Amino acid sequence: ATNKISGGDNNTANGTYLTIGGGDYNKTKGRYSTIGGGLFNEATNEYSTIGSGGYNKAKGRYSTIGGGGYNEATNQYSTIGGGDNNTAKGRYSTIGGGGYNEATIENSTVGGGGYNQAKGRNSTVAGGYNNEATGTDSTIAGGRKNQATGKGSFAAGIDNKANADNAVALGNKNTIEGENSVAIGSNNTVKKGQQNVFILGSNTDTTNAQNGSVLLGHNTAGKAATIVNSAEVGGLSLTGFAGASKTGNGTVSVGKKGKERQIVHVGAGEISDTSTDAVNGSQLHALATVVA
């Protein structure tokens, strides 16, 4: 006799200090739970809340469904703002609204949009469509058809995969499955076992890119690092080159075979036997002048 249920013949209460504002076929269980009205809403557990709408289920302690239809807030401190067929079943999980979204682990959030999944702990999908953040601390800023399965990974745009730890995939069709790698632009792939690779470009060819490679530009291809201590030009040998690195660091690429790029506005580099500064045309000219 502590409950305030009113409205319909089929509104049922099974507990203490429950309230149903009206509508019909609404169930309440537990203690201090509330349904504002609507149709076929279930608010069980302690201190749960359903604003209204239809076929919503707020099981779990301190759950909240603002309204809409077919939403399910399960688990402690869940929140669904509203929308269609949203499922917040993580602790402190949040779905702002939209359709068919899932926030399934502790502190996961979905801002809205459609068919988004925040499945990682502390993962976030701000909005967009068909985005899937699975890694711990992963983020999808928005867009469509992104994946962020990496720990603390970040993805935004269309069809990206930030699918290794600390992966950054920005733009369109960037696939990252190698640790600590970045791809910004379009159509870029960093495969598993290609580590520390950085791409600011589009339509790159990363077949031959070793670990540590940097790729810049449209149509740029990776290349294996070669050790060059010396060279021979028709009997004449040139020895003592600096930067003939033993380690496999990879190479900074600015184009591909047949589609090379000029590097412009380069300052004059040191000319000495230990110098690893790049050389510009005026410096080579200077020497060629003497060869007259």
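From 1 onward, residues are counted along the sequence shown.
A.B. asks: Mean C-alpha B-factor higher for 5 to 13, or for 266 to 274?
C.D. replies: Of 266 to 274 and 5 to 13, the stretch with the higher C-alpha B-factor average is 5 to 13.
A.B. asks: Tell me which stretch has the larger mean Cα B-factor in this entry, 207 to 215 or 126 to 134.
C.D. replies: Higher of the two, by average CA B-factor, is 207 to 215.
A.B. asks: Report the third (lowest, middle or highest) to which the CA temperature factor of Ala58 belongs, ranking only the modelled residues of the same chain.
C.D. replies: CA B-factor rank for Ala58: middle third.
A.B. asks: Please rank the C-alpha B-factors of the chain's modelled residues and tell me whether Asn249 sits in the lowest, middle or highest third.
C.D. replies: It belongs to the highest third of the chain when residues are ordered by C-alpha B-factor.
A.B. asks: Within this chain, which third does the Cα B-factor at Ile65 fall in: lowest, middle or highest?
C.D. replies: Tercile = lowest for this residue's CA B-factor.
A.B. asks: Could you tell me which third, lowest, middle or highest, the C-alpha B-factor of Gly82 occupies within its chain?
C.D. replies: Tercile = lowest for this residue's CA B-factor.
A.B. asks: Within this chain's modelled residues, let me know which third the CA B factor of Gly143 belongs to: lowest, middle or highest.
C.D. replies: Lowest third - that is where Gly143 ends up once the chain's C-alpha B-factors are sorted.
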